[PDB]
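Quick setup: one chain, the form deposited in one PDB entry, written in structure tokens, and binding and motion questions come after.
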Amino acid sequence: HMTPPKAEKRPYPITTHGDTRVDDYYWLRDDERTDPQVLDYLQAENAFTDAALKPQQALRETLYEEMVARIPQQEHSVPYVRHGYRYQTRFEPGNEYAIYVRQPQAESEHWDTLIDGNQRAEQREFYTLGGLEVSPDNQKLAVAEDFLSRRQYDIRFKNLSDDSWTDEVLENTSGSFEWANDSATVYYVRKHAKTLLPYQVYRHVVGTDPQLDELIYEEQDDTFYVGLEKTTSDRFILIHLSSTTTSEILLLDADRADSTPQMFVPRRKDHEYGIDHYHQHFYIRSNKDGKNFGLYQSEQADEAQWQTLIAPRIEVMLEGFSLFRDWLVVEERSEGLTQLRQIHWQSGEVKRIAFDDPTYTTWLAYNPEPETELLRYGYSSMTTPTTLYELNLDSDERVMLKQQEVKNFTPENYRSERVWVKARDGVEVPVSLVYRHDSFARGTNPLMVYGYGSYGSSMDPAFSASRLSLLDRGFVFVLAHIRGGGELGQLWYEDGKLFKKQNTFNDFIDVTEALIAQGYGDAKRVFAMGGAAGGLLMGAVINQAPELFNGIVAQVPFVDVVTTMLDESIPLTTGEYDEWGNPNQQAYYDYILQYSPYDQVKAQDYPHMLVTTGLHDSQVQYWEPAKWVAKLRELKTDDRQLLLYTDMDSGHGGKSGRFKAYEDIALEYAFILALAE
């Protein structure tokens, strides 16, 4: 009855390898973000969305208010000690930004303010704190702050003796910096003005003119991220260079002012490695001998001299490690589960952190001091709010330090299961799902199936407070651990990228069918959601199996895949050839075209869908979802509502917009709940 916006068709042929695709909405891309007909189409869609969802206004308010009422307005972080000081992060009621405090470790009573984001944000349009570190002598505070919302960070220095600031600002930094052990020399990373990619390391003397800063290193290859790190030993500052596949590390003697970069292992395509330095040894996590990584000890760089501490295993992905006085602690994945293992440096005694929950995540938390037997580690499950634990590595005594406070919540009201689905090619795909016990009746409950399935990112099963808004309205919430994700290790990822990317979409469909078939949800009330690379997932799945889902939410979806990946002028295209392929190669053009959602939209019936995007961001370019919705409006045969919501907030809007984050969830959940009623 309401006539949706109709974008002007401006046929734009794109020909590659003699293959012509006519893109009618190519013109919705405006890099300068000024063209008034481009804005007219986005505003028109926004008004259509506002008018279509007007009836859900009350439900949105109910969702918003009940989601905010679950969390406390306070939040004090768990205090940690580093270099003889205790540090706590403080969120006060009605405060937008964190306050950072500290006190001498032997002090109980008084806390000093390091920085109050609220006072730094005063008379500013935007404030992000991107970086915070005290010097080793505890006298100076290096802060990385963004006042412009360009994710370009300025570094300044505060003298903690009197709360006076130094005169200089380091501008256009990544926010990545390290103190030398003199508490006078700082290393920082400069980003390119145009491309915005970190490419330069400078040395700066605090209290001096940034013009005096020496260029320490320049990365010649812009697929390589430049990060700074500092070893557990404090002996080295690390220049960490890495593409998506390949690493290189240079050492800087943190004990001098005049150090030059010392090569560790020169880059070799598909060799990923990270290092730390402790107890006069290098520790290396490396995939040199297996995809699932190993851990090595060395006295020098020379790869040939690396002693195997932990050999790569096909069944166990080595994720990360921490170094303590008496113990190595590793984070691993096995059988679709995260785990922690400790190994005594002397005895070689192995202990495993035991976990009795089918759908949980565990990780190394922040452990800034190695001279301890106390390990801080995180835990979360689909039924158990996020917990910080402290484990005595020797006695095995485990104490809880903090729990995520969740109001109007009792954990016994909910059940979770790990399900395995045999995919169409016989591969076993894990699923994590959670629901309210008292409203569950097989074959009756609506289903919300969430996936990502790219970059080897895992959708690890953890607690969501916002999720309870679906769970307390009868929803079964499902994480589908599809290939392209990392849940079953490096091979799980590789079996859902490049010439295997289609397994990601097939796994999502196979998991959804099996869940309905086994009675976990109502076949006529199946919903799905995914964002960015997970929006690519939503886009392909509704092209390939439109009848499976009642309703979809596609957030900032990557849908114009072939056209975007043919254009290096688009931010990220050059860094994403190792994910999707380079369609300038006919083999990748053919394979990608087959799933590229924008290219595969046909005259068929589609689910109800809400599509989100953002005008003044950069994650997926705003024009992809806008072109996608225009082509869906042109071609789809059904009468169901298709909506595009474009976030207009011109710089960002993000002046601590967790208000906004909850508002977006309210809008998307109300859209889905209205469809499930």
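Position 1 is the first residue in the sequence shown; the rest follow in order. Note that the rigid core is defined as the largest set of C-alphas that superpose within 1.5 Å between two forms.
Although not depicted, the form deposited in another entry is the subject of the following passage.
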Mobile residue between the shown form and the other one, C-alpha criterion 2 Å or more, rigid core, from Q43, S650, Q57, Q37:
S650
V620 C-alpha relocation of at least 2 Å between the shown form and the other one, rigid core basis
yes
How does the C-alpha distance between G117 and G651 change in the other entry compared with the present structure, closer or farther, given a change of 3 angstroms or more?
closer
Taking the shown form as reference, the Cα pair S457 and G653 shifts by 3 Å or more in the other entry and sits closer
